[PDB]
Structures are given as C-alpha cells and as structure tokens.
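Here you get one chain, nothing else, as structure tokens; it is the form deposited without the RNA.
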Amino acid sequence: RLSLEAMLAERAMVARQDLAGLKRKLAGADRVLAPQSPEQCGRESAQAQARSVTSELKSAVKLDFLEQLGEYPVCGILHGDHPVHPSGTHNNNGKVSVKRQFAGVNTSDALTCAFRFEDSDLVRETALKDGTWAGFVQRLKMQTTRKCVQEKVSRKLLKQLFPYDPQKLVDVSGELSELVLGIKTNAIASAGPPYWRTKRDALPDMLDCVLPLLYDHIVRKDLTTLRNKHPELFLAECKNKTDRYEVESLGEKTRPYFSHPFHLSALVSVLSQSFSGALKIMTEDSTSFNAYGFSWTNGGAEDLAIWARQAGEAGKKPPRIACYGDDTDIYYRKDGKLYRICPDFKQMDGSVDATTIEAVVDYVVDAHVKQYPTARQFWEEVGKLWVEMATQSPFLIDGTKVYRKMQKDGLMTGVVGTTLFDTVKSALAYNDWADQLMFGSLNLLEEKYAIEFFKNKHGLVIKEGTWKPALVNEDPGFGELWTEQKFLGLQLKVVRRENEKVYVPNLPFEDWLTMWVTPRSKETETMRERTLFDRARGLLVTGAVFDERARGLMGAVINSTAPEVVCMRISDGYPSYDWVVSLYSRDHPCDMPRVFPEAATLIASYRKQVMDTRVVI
C-alpha cells in the first residue's frame, strides 16, 4: 500500500534519468528567476570574445635535488581472484610506472558566460593571469629543498595553543577495522599504490588484504621486512593536482600533491579525524590559536568578531591570534583602538620543520593514548609511520624512478594532517611573536621588523602586502565592512535582516569574477552546463550574493541554464539573498528555494489543477 504522492515521487526519480523527457515535462514550468544583470553582449559575440582570449592565453603557455632510489617491483599480493595491483596498469617490465599528465582545465565555458552578462573589457583583463612540467619541477624543488628552523615545542605549549576535549576523542582502543570504517574520504580519489584504483573500488582489497598484512607487521616490529618484500605498499605518488592550496586564496591552483597509499592514509586518518572532532577553535576556547575547522556559517562570522574584540593593549594584555594553516588573523589594541592584521606565509608546506611534525604527531598520539591507555603501544607505532609519510615517504613522479626527500624538514603536501601541521607551525611562531610583544618589543607590529622576525627566528616568509595593520570597525552599521582585509580568503561585512545585523563574508566584484574565470575523456556537453550552474550557486553561497554585480552574473547563469540541467540526477535549488543570510546566521538550517516549484509534480507527468472543495456551489 503506497500513497499516490509516493507513487508519483517514485515516478519522478525514475523519469529524472531521461534528459529528453525532462525537457517535455518541464516545458512551460513556472520558473523562479533569480536577480540577473542585463545582457551586455550577444550569444555569438560572447562566444567569439571567449575563444579569442582562450587561444591568446593558451598560446602563452607554450630531478637531481631529490634522493634517487631504485625502481620498485610491483607487489605480487593476490586477493582471491584478482591481484591487488591490476594487470596491465602502472607496470613497465615488472617495475611500477606512472605517466606524466600535463591535465585539462575548463576555461572557455565560464569565460563565455562572463563575456555576455558583464563588461567585455573587465572580463578580458581579469582572464589574463602556468603549471607545465617545468613549473611543476621548480615548485617541487622549492618545497623539498627549503631550509627550515627547528622550533622549541613541548607538549605543554601544544596544550595551550591547541586545546582539545578528551571525552570527544574516538575510543581508539576498539577494533581497528571498525575504526577505519569510521573515517571519511573522497571515494573517487585515487587509492594510490598498489591499488591504482579509486578508493571505492579498492576499499575491499585494502580492508581485508593489505591493511591486515600491514597490521601484522606493525605488531611484530617486522615493518622492515614488509618494505623489502612488498615495497609498493609504502610508495606514494607525486602529482600536479589543481586544488585550493593557499588558505588565503579560495582560488584553485595546480601544485605538487602527494598521494599516499590507502591503507597508510586510512590508518593514520583514524587519529587525524578523531583529533579534528575534539580540537577546539578560537571561538570555543579563547586560549586556542586554532582556526582549523572554523566555518563562517551558523554565526561563525559573528563569533570571529566577538572573539576579536576581546583583544587587549599590546604589552599589557594578550592579543587575539587565530591560525588556519598559512593564513592567520591578528587583533591587538593601541591606546584602546582595535587593530587587525591578516598575515600570510609563502610556501609554508616546505617551511614546516621536522621537530614540529614530530611534535604534532606526538601530541595527537599522546592525547588518544592518554584517554584510552589500553592501546598505547600500537598507535605509537602508527605515529612513527605518520612521520615517515609526512617527511620521507618514497614517491613516483614520472616513469619508474622512485625518489625521496633529501632533508627530513619540509612537509609532503597531501599527507593526512597537512593543514594541521601548517596550523601548528604558524601558531608556534605567532605565540613567540606575542611573547616578545609582552616583553617590550612593540616594534614587531611594524612590517619591517615583523617580516624579519619570522624569517630569522622562525624560518617563515611573510607574503608581501599581508602585513598591513588597519583600524577595525568594531561597531559596524548596516552594510559596512569589518576591515578590507582578507582572512580565509574573504572579508567580513555586516548586513541587515529586519532590525538585526548579520555578519557575512564578502569580496569585491573583481575577485568574484576572477574566481569565476579561473579554470578548474572528461568531455560532456550537458555536464558543461551543470558545471557552470553549480559553480554559480557555490560562488553565491560563498558570498557573491552580497556583491551586487556578482549576484547578477551568477544569477544570469542560474536563469540561463536549461530546466533539464537544473532538475537532473538531484538538487534543483537556487541561493537566494534571504537563504544565504540565514545560512550565515544562527538560524536553523533551511533548504534552498526551488528554481521550479512545480517540478516535483511535473517530472512525474502530473500537471496539478486546483480543485477547490471549500468554495462549493
């Protein structure tokens, strides 16, 4: 027995798979059109301008530093019917291999849209802003060869800067496989060697074959044997992966990435993800220097302001410092006036010293094994493995040659805990920075002295422009900005909802358009239209809704995208001003307003007619 609504919903889900039928069912559908900027150009003209800039830009596009280890044999581990290393993949004469992919980034689809609905001039300029083999190696060299400063760090200092709740920690004393089942990762991401499959496809092989083998050798202290017998089990894969690398920049850059094996990453992820849950951010505990895990939504932006205004006079009282990897937010007072600095660090990953990494892993491991003392020995061995993964893991750039980092110092970007390690290093530097301030070195507020201090004493290079101390709008009227500075890539601003003020992130329209234009078989036509649609929704949610011009451009793309792409398998909602303001406020979560309100019924071949039983005659 099934309700007619349920029978209709079931039909809707089944009919969503046919894009052809979706067009027919949604022909004259009522559409909730979002705010849209008027069309500045024609279709064929925005296409032509886009093609021009794309071609012109694309025409401009055209290992002894590493320790060189031998070539690695493919591991012969067999799980039932199939080898854990698939036959005919990443195998050159019995030795593991990899092919350089120098990848496709979709840049002309977004360019066309921006040309049509925005200024042709401004679109042209912001577009002109690469990562080939040469650039990849240079960036690799810098990261792996940078000299670092070892930091004076103790467990006590790490308890102050990074408080945690011990009761919130996962009971790591229980069975390992259940623990590994609890961790979350991207199923489509590569599992690495020896699987060379997606984590989803390789999950059985890892969980019942490789990881048990790893565990048995850990507990017998026989890990050296495993390295000789099956060396692919510990090998990583260096790739050039386009991701959101500097926290200061929401924009995506293509930089070296290290893909460690699934069994190693997952086993370490137990500790990492558990610590993330228990770790406290600056708003929860004032002592924390930690911003890792801070979200602007559900009042986070307001809480950052509340926490920032508790800063004290430099010298007399403690400042407010929050670090999220490379990016940090500093709040101090001079003669009772709130000041804000939003400093950033260049490279960062290459600048993290090995005593910090060892201290973070010790801190994480100690926390778990303190609350759950029955499993001390095991995870201490896991901690040693984490350090190997972060510093000296063997990796495969191109071909069959295996490489290793010559210096222990320097972080292997992409290891579990990458962002945590960065956060700790920065916090350690800025903690000492505040200590010298209380000592009586207030010159360190000035750009010259500060940038020198962090380079000399803590081995960290401050990005030019980021040390620009500015006065703060502590009591901001409707529409005003906190400061023009960017923390976590966004500026804090105040917006009006009824009579209350809602703290929300903002950026200038120029930065929004740049993010729109930045490029990110792999070739499908209808997929292209959905990509532009979801990116527009995403930018709107991230704060482009608050900039007037940006709202129009994103709103234009939302309204331009076909009903078939909007309601497909599926989310068919659009970010409205009102919804986005509720997101960043302490309001209970809401679902996005639906673009096509009558879509649910229409896709189930039902055209609702209103039959009124109330007014009857």
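Numbers for residues come from their place in the sequence shown, where the first is 1. Here the rigid core means the biggest group of C-alpha atoms that line up within 1.5 Å when the two forms are laid on top of each other.
One more form of this protein should be noted, the form solved in complex with the RNA, which is absent from this view; the next part is about it.
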Query raised in the report: Picking from 178-186, 306-314, 155-163, 90-98, which part of the chain touches the RNA in the deposited complex when contact means heavy atoms within 4.5 Å?
Result: 178-186
Query raised in the report: Counting only non-hydrogen atoms and a 4.5 angstroms cut-off, does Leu444 reach the RNA in the deposited complex?
Result: no
Query raised in the report: With the partner left out of view, is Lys384 within 4.5 angstroms of the RNA in the deposited complex by any non-hydrogen atom?
Result: no
Query raised in the report: Does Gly325 reach the RNA in the deposited complex, with heavy atoms at most 4.5 Å apart?
Result: yes
Query - Any non-hydrogen atom of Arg227 within 4.5 angstroms of the RNA in the deposited complex - result: no
**Report entry** Contact residue in the deposited complex, chosen from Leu460, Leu140, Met515, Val504 - any heavy atom within 4.5 Å of the RNA
**Finding:** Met515
**Report entry** Among the candidates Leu207, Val541, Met406, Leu338, the residue which, in the deposited complex, approaches the RNA to within 4.5 Å (heavy atoms)
**Finding:** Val541
Query raised in the report: Any chance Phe289, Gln485 and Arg586 all have a heavy atom within 4.5 Å of the RNA in the deposited complex?
Result: no
Query raised in the report: Which residues within 442-478 place at least one heavy atom within 4.5 Å of the RNA in the deposited complex?
Result: none
Query raised in the report: Of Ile281, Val247, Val365, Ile397, which one's CA moves 2 Å or more between the shown form and the other one, core aligned?
Result: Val247
Query - Rigid core fit then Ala29 CA moved by 2 Å or more between the shown form and the other one - result: yes
Query raised in the report: Does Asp534 move its CA by 2 angstroms or more between the shown form and the other one when the core is aligned?
Result: yes
Query raised in the report: Does superposing the core leave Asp591 with a CA shift of 2 Å or more between the shown form and the other one?
Result: yes
